[PDB]
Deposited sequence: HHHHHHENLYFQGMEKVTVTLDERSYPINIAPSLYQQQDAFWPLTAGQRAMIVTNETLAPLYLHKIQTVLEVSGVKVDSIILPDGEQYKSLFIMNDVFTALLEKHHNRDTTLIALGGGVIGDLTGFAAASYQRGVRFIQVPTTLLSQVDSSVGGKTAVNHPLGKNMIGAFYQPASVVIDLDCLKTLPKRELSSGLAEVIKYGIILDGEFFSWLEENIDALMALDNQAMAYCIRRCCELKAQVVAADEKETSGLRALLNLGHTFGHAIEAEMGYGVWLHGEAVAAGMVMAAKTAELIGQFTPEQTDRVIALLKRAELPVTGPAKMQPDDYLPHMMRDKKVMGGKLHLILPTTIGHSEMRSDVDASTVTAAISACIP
């Protein structure tokens, strides 16, 4: 009934529990125990939906609960917004034994994680992700960060949670465009690391799009296992997680944020990366049709913006524009389920990949 993944990285270990109505289970927010305190960090969108339920379930178990409601937005993933959490913790005399609870998506997840890393140089930290993206991505790897006006995720810390609480019910309220955005990263795991999971996704995508409890539970479980594996082997293998992200960054940068969701840009970037793998001679068009066909059924774009031409991509795709830079490093699939980093690929290869679509 309950899926469970144990993650052991950077010499610590935490569980990821996945089940519908998990917010109500007995010891759902372990290792929080009766008598301890907790500070829930959430945003203005999620607060009316889930804060009160989470607060009462914790108080039922003997936890003393405070909360802080931040504004909703990537533009609020700032050092100055995170300061407000420190104020809330201090006004309520939260000491080093408190637990910070990230009730929200990846934005709340990153900001609350860095707050838990920094408050008194480190307090306990429990993740409650409410987007599919953050459930299969933010739950593993320890990366926390806020943005700087001159660069995204340039201020943060490596910091692992004590546990991850994934109640599938919270997906019922998630905008359907966000759910497909998350599914782009789900499909990415199939292409770079597990061909059988990709095949499983070919046969259950419709159930996931319908929010089937049993299919969604296994999906999140397997993606967490796959990211945990590729992080445990690395700590440059973790770079394989940027499949479709170089092409996707160009789309996100050139179109402006919020216009294309991150997952939407990654979906078309994975197609373009599959097309770059064919051009070099490592991928078949039939393999590319399986990627295109599965993203189409996730209601994800498979071609880039009409507004953009191949020369709009390359400025964003380069590591830098320095004289000795200007290099294109890509992650390319070798099979469905296998991938490689490929350094210095021709601009002509890239252009052709983009033009083919």
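Novice: When the deposited sequence is counted from residue 1, which ranges lack any model?
Specialist: No coordinates exist for the deposited residues in 1-12, 248-251, 374-375, so these stretches are absent from the model.
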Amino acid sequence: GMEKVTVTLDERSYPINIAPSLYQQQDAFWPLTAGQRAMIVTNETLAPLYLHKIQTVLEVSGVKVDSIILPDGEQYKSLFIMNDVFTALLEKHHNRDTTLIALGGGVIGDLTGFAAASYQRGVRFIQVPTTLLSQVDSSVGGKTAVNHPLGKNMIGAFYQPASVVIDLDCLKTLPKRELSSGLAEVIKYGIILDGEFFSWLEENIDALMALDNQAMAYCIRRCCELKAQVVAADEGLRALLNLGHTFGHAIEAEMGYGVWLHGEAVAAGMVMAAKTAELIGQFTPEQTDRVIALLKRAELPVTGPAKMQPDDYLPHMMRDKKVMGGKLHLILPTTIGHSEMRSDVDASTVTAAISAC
From here on, numbers count along this sequence of modelled residues.
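Novice: Should the higher mean CA B-factor in the entry be assigned to 199-207 or to 280-288?
Specialist: That would be 280-288.
Novice: Which wins on mean Cα temperature factor, 65-73 or 51-59?
Specialist: Here the higher of the two C-alpha B-factor means belongs to 51-59.
Novice: Please place residue 185 in the lowest, middle or highest third of its chain by C-alpha B factor as given in the entry.
Specialist: Bottom third by C-alpha B-factor.
Novice: Ranked by Cα temperature factor within the chain, is residue 336 in the lowest third, the middle third or the highest third?
Specialist: Its C-alpha B-factor, which the entry lists for residue 336, ranks in the middle third among residues of this chain.
Novice: Classify residue 87 as lowest, middle or highest third according to the C-alpha B-factor given in the PDB entry, relative to its own chain.
Specialist: Within its chain, residue 87 is a middle-third residue by C-alpha B-factor, going by the deposited values.
Novice: Which third of the chain does residue 217 land in by C-alpha B-factor: lowest, middle or highest?
Specialist: Its C-alpha B-factor, which the entry lists for residue 217, ranks in the middle third among residues of this chain.
Novice: Among the modelled residues of its chain, does the C-alpha B-factor of residue 8 lie in the lowest, middle or highest third?
Specialist: Within its chain, residue 8 is a highest-third residue by C-alpha B-factor, going by the deposited values.
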